[PDB]
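A note on names: the letters A, B, ... follow the listed sequences, proteins ahead of strands, and every chain is numbered from 1. Side-chain atoms are counted along with the backbone in the values below, which use heavy atoms only and exclude waters and symmetry mates.
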Amino acid sequence: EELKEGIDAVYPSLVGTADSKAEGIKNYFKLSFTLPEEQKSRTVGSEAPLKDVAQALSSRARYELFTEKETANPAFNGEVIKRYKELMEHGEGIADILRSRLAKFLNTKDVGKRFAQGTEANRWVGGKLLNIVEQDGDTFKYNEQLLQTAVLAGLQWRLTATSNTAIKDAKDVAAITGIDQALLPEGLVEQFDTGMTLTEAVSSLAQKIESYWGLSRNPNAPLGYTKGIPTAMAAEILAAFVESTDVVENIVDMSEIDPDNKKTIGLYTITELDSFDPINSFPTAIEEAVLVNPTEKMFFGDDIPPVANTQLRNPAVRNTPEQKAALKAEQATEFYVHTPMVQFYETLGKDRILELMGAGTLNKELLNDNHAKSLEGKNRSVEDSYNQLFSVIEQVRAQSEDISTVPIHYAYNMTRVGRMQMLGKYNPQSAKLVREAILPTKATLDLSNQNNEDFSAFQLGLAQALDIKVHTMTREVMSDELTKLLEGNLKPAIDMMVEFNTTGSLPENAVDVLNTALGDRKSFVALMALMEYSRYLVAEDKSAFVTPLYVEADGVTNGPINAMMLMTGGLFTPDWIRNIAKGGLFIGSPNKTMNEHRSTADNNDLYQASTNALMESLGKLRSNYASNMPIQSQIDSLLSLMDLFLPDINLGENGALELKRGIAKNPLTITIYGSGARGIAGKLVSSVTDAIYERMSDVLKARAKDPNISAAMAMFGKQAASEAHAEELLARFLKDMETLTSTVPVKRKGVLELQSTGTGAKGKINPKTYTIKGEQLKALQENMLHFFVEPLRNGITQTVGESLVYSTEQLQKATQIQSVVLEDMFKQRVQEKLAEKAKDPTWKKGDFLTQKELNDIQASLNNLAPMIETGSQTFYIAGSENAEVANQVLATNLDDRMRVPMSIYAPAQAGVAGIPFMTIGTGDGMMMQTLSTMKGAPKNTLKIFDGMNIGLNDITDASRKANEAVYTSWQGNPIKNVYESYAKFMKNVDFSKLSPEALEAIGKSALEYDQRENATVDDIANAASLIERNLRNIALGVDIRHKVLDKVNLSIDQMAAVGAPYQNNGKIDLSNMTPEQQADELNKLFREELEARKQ
DNA sequence: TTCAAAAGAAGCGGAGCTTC
Ligand SMILES: Nc1nc2c(ncn2[C@@H]2O[C@H](COP(=O)(O)O)[C@@H](OP(=O)(O)OC[C@H]3O[C@@H](n4cnc5c(N)ncnc54)[C@H](O)[C@@H]3O)[C@H]2O)c(=O)[nH]1
Ligand SMILES: [Mn+2]
């Protein structure tokens, strides 16, 4: 009751009665919200928020008074104050648009007159804003406090939303657009990553608006109003921004991108401010005024980010104590601007940085259309990073006279998969350009003697930055390779940088000099290396040289290796010992390092081993079809085409096939994580078509530079030796493209057969519009699938071990089955409650359920063990936010458009998510979390998931701790964790209660293709409990292996580069033994440990 | 079926079916 009259005192004039049982118009704003116990927003109570905040922003003194702080961010100066004054005036224009739009709505279809007569329009999907209007003579008007506060939220969102949007990948776009991921057109993914979907824009706006309103949700009010009213407000604000042209709306017709797709999709992009707009130096003034506890802000000095209580976008999952400890540790690290790189970036200038690191200026007619779109996407990313960096620098520069002395902190959160992610799009963790200007690494080195350990550290940092693969060679060999480079190709660049570090000037051909010197080594960190070595050369005191140059301790094929260690469940095999050594687990070799292994024992890493296995599987494939000439020809053409355009595939003069580890890197990784072969085939083809489109721009360029040039020379000039030698390359290309688009392999009854597509590639090539589309793309993909990817998959399995593949399958099925039941039961418990609501006369279809009701439903699922617990991490595989549960609109704008589906936090099918969740989570996730919290945890590093940047002073000890953290994570047992959860599930699940849809989904996972079709609940049930037994057995094995492995002498250098391996000090000595001998000895220990328990 | 975040628009009518 105190709450009712409390919220009424604040909004006494809103239309309707604050009682859900009342007969006439009811006010769902006061029913849905209460005043907080403690102030959240300084606009609560204000009769004119826009006037008050504008006043607050009008001077430093007034701002300080308003926020009740004694001092304001020094970035808030005259120039910035003047810009905010102009932005407040614009807030008035947004407010004015909103008021007119309301008046239009009230007048159309006499909604206002009807509402006044008792028609409950304030409950319509388009009428929820009527809960915040006030009667005004013969009509209605917005409550000014609520209206103007939402506008302030709208201005803040307008300033910073773009910079906080999620990144879209091909997967996201395919889901959005309904177009198969493998067939997405060029630049479509780019078009979609640039804008916001309606849901994306509205939900971020709504969150901000509700935040500024500064109220609390009533647990017993229907979500249709608690979420609905601020969403209706957001929708209206987005619409006003479209009217004001602060936001551009683009309705994308899928019909032209695919004749059969009927979706039309809205894209919303915020009009960018000028890069030199003063407000960029301090874009959060409003947020920091309105909110008592601002979320959008920079953390300078000893202003430390708070620790997140719950997993990112998974509010049902609390960050564990150990996770919070890790977050705290990472949020405490101080970052500092490295002034020389900033000055270098600035002196080069945005345009030359793009020429150097992007695609420079685009001549949209020396470029193939499709290529042109990738180039644009490239520039976008570098340009945004540049602009974002310098906005941050502008704000840092205000904090002090020496920007290199201003400490900077970053907020972090744990993601769904256990990774510690730095919040924001453009920060050191996520943006390479920013990574080289803002660093937590720093050291003072004695470089007066090139025989110091300090100089050796310095060399290692330069080499790694320069794309020398420092983990494949010893420190000594590295040193000689680096010296060769600095005295050879890099010298002209080094000389230029010496000059720059002397006078502060660059030549006009700087881009050329860098580009030529670096060649393929070019990167932002390479620039840091040139900068730092040249700074050392001109340094006055080489004996105390200060530098943020770092060495990254980086995982060697980290995910696959972790999966092999964590989820291989059988006896030990020699192949496993050899392969796992490729990832830094050395048995019976005290103090062995990855550098030594690679140089003296085995130069092939796990990607190369898989690639070599691929070549065998391919050789086998060729045999089974040896007499079938058309099939041999089809394979040769695929191999030929890839050879023309991909560096990783080489065909020799006499036909010798050679493959670089590169083509196996991504396919190995994602295959373990549950990717299908088709998806991989599609990716390989993309890399082929990308290269082709690019070669077409080469044609246009060479052809324009010389109209005489022959087609062959224009397309294979750079790639060939002679004229006629380029004429055969052209012949291969045209033959390959034709056979690969007109003929596809299919698998009928275990055998491959060629079929005509009837849609072969035909016609003269026009290098500008040339596009491999639809039916042609699919054909290329089918060829790639059967003649390359399928043998690759065979190679992968032989490499990582069939035992691991088996474990990931049981893990996948268990977590899928569980997610299906969870999803289905949730939806059912929801439909039950809504049927109870039709009995309620206070309730209307569209109101949905209360939070309290949703909470009770979620709690009722606890006996199905939705959460996986390791003791230090919590995983919620099924957790999601979906439109499928409520299946209805939440709100629209006042024009009956911008219809936002009602989204609910609820479990959904996992699919294959179980694998990467557990592998990433208990692998690199657990390693980094351990690294942050362990005794003697390395200080002043930047952690990037499976690699860690270390200052040059501490590379040895930090690397050793990193490898100890790896070993610690290898004591994990993610299958055991899944088993514990799945066995509780199996004890409580009622398969008979599931919908038939749920039931068949489970059949797919638990039952062979055959026994499905028409199996009973009991067949499903019995099959589901077999998986539990499988899990139990795997988990037992994993546990034994780990204990046995711990008894033996191990050297671990998975976090490689520095050559500082962790020794487990196992007492049983397996040195001077072959992998076969070692496997036998480990299997004895395994059997003996299996008996300790059996008895 | 790789993971790390979801996600059509809009007339009529007042939800939800319909057509593009
Ligand atoms: N889950 C995931 N992680 C990704 C993906 N792309 C990149 N990452 C992570 O970021 C670094 C690279 O950051 P950068 O700014 O230096 O480029 C990357 O390191 P690695 O390339 O060495 O891979 C380490 C482990 O990450 C997982 N992983 C990589 N790539 C993928 C993909 N495509 N899909 C799933 N998982 C991936 C593996 O466990 C790998 O061993 C990553 O740490 C990304 O798309 N997804
Ligand atoms: Mn790595």
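Residue-level contact check: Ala121(A) touches neither bases nor backbone, having no heavy atom under 4.0 Å from any strand. When heavy atoms are screened at a 4.0 angstrom cut-off, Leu198(A) is found touching the sugar-phosphate backbone but no base atom. If you check every strand for non-hydrogen atoms under 4.0 Å, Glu881(A) touches sugar and phosphate atoms only. Note on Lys845(A): only backbone sugar-phosphate atoms sit closer than 4.0 angstrom, heavy atoms only; bases stay farther off. Using a 4.0 Å heavy-atom criterion, one finds that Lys844(A) contacts the sugar-phosphate atoms exclusively. The residue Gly266(A) sits close only to the backbone: its heavy atoms come under 4.0 Å of sugar-phosphate atoms, none of a base. Within the nucleic acid shown, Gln909(A) has no heavy atom closer than 4.0 Å to any nucleic acid atom. Across all strands, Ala175(A) comes closer than 4.0 Å to no nucleic acid atom at all (heavy-atom distances). Here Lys171(A) lies in heavy-atom contact (under 4.0 Å) with sugar-phosphate atoms only. Looking at heavy-atom distances under 4.0 Å, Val912(A) makes contact with a base. At the heavy-atom level, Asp253(A) lies nowhere under 4.0 Å from the strands shown. Residue contacts for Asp169(A): at a heavy-atom cut-off of 4.0 Å it reaches a base atom on one of the strands shown. Contacts of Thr264(A) with the nucleic acid, taken as non-hydrogen atoms under 4.0 Å apart, include base atoms. Residue contacts shown for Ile265(A) are limited to sugar-phosphate atoms, with no base heavy atom under 4.0 Å away.
For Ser255(A), there are no side chain to side chain donor-acceptor pair (under 3.5 Å) partners, not counting sequence neighbours.
When DNA chain B is scanned in the 5' to 3' direction for atoms under 4.0 Å from non-hydrogen atoms of chain A, the outermost contacting nucleotides are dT1(B) to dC20(B).
Using a 4.0 Å cut-off between charged nitrogen and carboxylate oxygen, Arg123(A) and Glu120(A) count as a salt-bridge pair. Taking 4.0 Å as the cut-off between side-chain N and carboxylate O, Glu243(A) and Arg101(A) count as a salt-bridged pair.
Residue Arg419(A) is the one, among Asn887(A) and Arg419(A), whose nearest nucleotide of DNA chain B lies closer to the 5' end (criterion: closest heavy atom). Of the residues near DNA chain B, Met898(A) and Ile176(A), the one whose nearest nucleotide (by heavy atom distance) lies more toward the 5' end is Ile176(A).
Across the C1' atoms, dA15(B) and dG11(B) are found 13 Å apart, a figure rounded to whole Å. Distance noted for atom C1' between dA10(B) and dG14(B): 15 Å (whole Å). Here, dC17(B) and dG13(B) have their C1' atoms 12 Å apart, quoted to the whole Å. Here, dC3(B) and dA7(B) have their P atoms 14 Å apart, quoted to the whole Å. Rounded to the nearest Å, the gap between the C1' atom of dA4(B) and that of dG8(B) is 26 Å.
Judged by the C1'-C2'-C3'-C4' torsion, which is negative here, the sugar of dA15(B) sits on the south, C2'-endo side.
Base stacking between strand neighbours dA4(B) and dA5(B) is absent under the criterion of six-membered ring centres closer than 5.5 Å and ring planes inclined by less than 30 degrees.
For the 3.5 Å distance criterion, the side chains of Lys425(A) and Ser430(A) fail to qualify, holding no donor opposite an acceptor. Under the 3.5 Å distance criterion, with hydrogens and angles disregarded, a donor-acceptor pair is assigned to the side chains of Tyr268(A) and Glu249(A).
For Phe140(A) and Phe115(A), the ring centers are positioned less than 6.0 Å apart.
Between the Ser807(A) side chain and the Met567(A) main chain, a donor and an acceptor come within less than 3.5 Å of each other.
Residue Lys943(A) is tested with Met928(A), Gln929(A), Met927(A) for a side-chain contact (heavy atoms from CB on, under 4.5 Å); the sole match is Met928(A).
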